[PDB]
Amino acid sequence: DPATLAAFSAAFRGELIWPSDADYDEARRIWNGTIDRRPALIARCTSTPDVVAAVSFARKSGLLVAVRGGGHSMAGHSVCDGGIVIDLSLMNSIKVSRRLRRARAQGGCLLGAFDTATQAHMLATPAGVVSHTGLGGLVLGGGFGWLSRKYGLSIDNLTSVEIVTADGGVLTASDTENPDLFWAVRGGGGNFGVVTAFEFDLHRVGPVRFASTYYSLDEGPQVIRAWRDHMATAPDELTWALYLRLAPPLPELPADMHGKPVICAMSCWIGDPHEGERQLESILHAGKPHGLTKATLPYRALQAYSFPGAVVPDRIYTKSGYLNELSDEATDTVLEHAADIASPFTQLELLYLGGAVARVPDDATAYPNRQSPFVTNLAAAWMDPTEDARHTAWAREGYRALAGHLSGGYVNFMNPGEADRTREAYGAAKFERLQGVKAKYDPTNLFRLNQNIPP
Ligand SMILES: Cc1cc2nc3c(=O)[nH]c(=O)nc-3n(C[C@H](O)[C@H](O)[C@H](O)COP(=O)(O)OP(=O)(O)OC[C@H]3O[C@@H](n4cnc5c(N)ncnc54)[C@H](O)[C@@H]3O)c2cc1C
Ligand SMILES: [Xe]
Ligand SMILES: [Xe]
């Protein structure tokens, strides 16, 4: 409708992307290549008022609203067929202060712009481990990475935000301003509106001692048992994750391990590197290590490596849950399952959290499952679309195969088929509180391309 559209055009100064344009096919592609959808309109916003006009417009037109930060939605939420995509990719600007250890990021930041900005002052705050992830979706659902055991979730360092709500108002939210929303936005998702600015606290982070190695799959049981019990008792400073995968063809690996299923191990000591050297060495021989790399890295460097691969995978499928305890039978399963991995980029990942995260009260934020120390992520990944059924199937026979030991799911790991699963991840009780807040700030469920919260 022209009256509605012309008003939008006048107030908006960000590039427009229409269904026809030469850049349409690229603008609508997201990282998750299995989602192939065609929106009515793509708005690459370049400022806060840009976003406001776009929020109202979609509402007055009855356009379904998709919000996209870095496009990594494993569930494919940041693109739609037949509606509007609010792309904040252009809002990528960042303010720092050495003298205030504070940063202000627009809602479309990629991690690597952010980490770059803070490490300019030898500063950092926890975020994910792969740098081109969008800051937006990551934080909205919670957000962890290397510093999380020491310093908590990204949301655990979040102070204020600027957010555009469905009714087109602009609000600041913090612990003292609309704390109901600030509570809800720390973990609920984009259900409540579009974050245009984020406020954090910053910590000083110098060179960190880091190690990755490749243990033979024969030694899988003892390493994980060692891994799980030791991490039960590991310093907050120690972070140690496991990636089970086909062995990369690296010259550091013996040819007889190339292309064979191995266990990788990535670890680091957030702290003095001298203490680190001692501590990592003590756990590196949980089994016989191969393709051993040790370095002292600026934290920026810790984020960049994730992850070495010569091909970027087009098609992905993920299945994730939490565990309170990993039994021996659980250990045998995953180990049992691994041998079946048949594509070079799919990983069954095993992360151990707790630390600063578990010392935070379960109801203190919208992030549920703090008390669950374990995360497992079954990440099918491949290229050839026709092969979809073979890999896609594997991860389920896995969550499904391993689906008891589990209690929940991380919202930022839901795949495109898990929209109904929104209730077990958050748990019941929390969700009732969330629905009250959504009903106050988004009574109409305008924002439904997320792990959706009905009003
Ligand atoms: C390869 C990979 C690695 C990852 N590693 C980690 C990790 O180490 N730690 C971790 O915690 N998570 C991790 N994640 C999860 C990550 O949070 C999700 O991929 C998430 O979808 C990425 O956010 P995004 O804004 O880039 O994606 P989007 O799809 O654009 O965002 C996902 C959801 O958030 C909404 N949203 C996004 N930005 C905004 C905004 N500014 N305002 C309002 N709503 C918004 C979207 O509409 C959608 O509802 C990883 C994901 C991938 C794919
Ligand atoms: Xe700031
Ligand atoms: Xe992944």
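Here the Cβ positions follow ideal geometry from the backbone for every residue, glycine too, while neighbour counts run over all protein chains shown. Nothing in this text is a laboratory measurement; each read-out follows from the coordinates by a stated rule.
Taking the Cα centre of segment 205-414 as origin and assigning +1 to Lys and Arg Cβ atoms and -1 to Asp and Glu Cβ atoms, the resulting dipole is close to 340 debye.
Here the dipole of the chain is about 1000 debye; that uses its Cα centre as origin and unit charges on the Cβ of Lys and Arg (positive) and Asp and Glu (negative). Legend: distances between Cα atoms for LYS260/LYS294; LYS60/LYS95; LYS150/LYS260; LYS319/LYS438; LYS260/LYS319; pairs beyond 29 Å are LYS60/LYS95; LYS150/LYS260.
Projecting the Cα atoms of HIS258, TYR215, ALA401 onto the charge dipole of segment 205-414 (Cβ charges, centred on the Cα centre) puts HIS258 farthest toward the positive pole. Charge dipole of segment 14-92 (Cα centre as origin; +1 on each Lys and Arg Cβ, -1 on each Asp and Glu Cβ, all else neutral): 300 debye, rounded to the nearest 20.
So for each of 149-162, 349-362, 196-209 I average, over its residues, the number of other beta carbons within 10 Å; can you give me the resulting order with the highest mean first? Write down the numbers at each step before the final one.
Details: 149-162: 22.4, 349-362: 17.9, 196-209: 19.6.
Listed from highest to lowest mean packing, they are 149-162, 196-209, 349-362.
Working note: Karplus 6.51/-1.76/1.60 with θ = phi - 60° gives segment 14-22 the couplings x, 2, 9, 10, 9, x, 8, 2, 4 Hz, where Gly and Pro are set to x. Farthest towards the positive end of the charge dipole of the chain, among the residues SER306, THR331, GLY206, is the Cα of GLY206, using unit charges on the Cβ of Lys, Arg, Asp and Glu.
Relative to one another, the C-alpha centroids of segment 259-277 and segment 177-213 are positioned 25 Å apart. Other residues lying with their Cβ under 10 Å from the Cβ of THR318 contribute a combined charge of -1, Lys and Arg counting +1, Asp and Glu -1.
Taking Cα atoms only, the orientation of helix 48-61 departs from the longest principal axis of the chain by about 70 degrees. Amide H to amide H distances under 5 Å link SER160 with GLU199, where only residues 5 or more positions off or on other chains count and H is placed in the peptide plane. Since only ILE316, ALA364, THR392 are under comparison, the one whose Cα sits farthest along the positive direction of the charge dipole of the chain, derived from C-beta charges on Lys, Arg, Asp and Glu, is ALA364.
Within 10 Å of each candidate Cβ there may be at most 16 other Cβ atoms; applying that plus a DSSP loop requirement, which GluC sites (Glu not before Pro) in segment 246-332 survive? The partial results should precede the final answer.
Working: sites: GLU252, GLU275, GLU277, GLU281, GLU325, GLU329; in loops: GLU252, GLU325.
Of the GluC sites (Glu not before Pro), the ones in loops of segment 246-332 whose Cβ has at most 16 other Cβ atoms within 10 Å are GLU252, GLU325.
Rounded to the nearest 10 degrees, the inclination of helix 273-283 to the longest alpha-carbon principal axis of the chain is 60 degrees. Cα centroids of segment 114-147 and segment 1-62: how far apart, whole angstrom? For segment 114-147 versus segment 1-62, the Cα centre distance is 27 Å.
Here the Karplus curve 6.51 cos²θ - 1.76 cosθ + 1.60, taken at θ = phi - 60°, turns the phi angles of segment 417-430 into couplings of x, 9, 4, 6, 7, 4, 5, 6, 4, 6, x, 5, 2, 4 Hz, with x standing for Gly and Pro.
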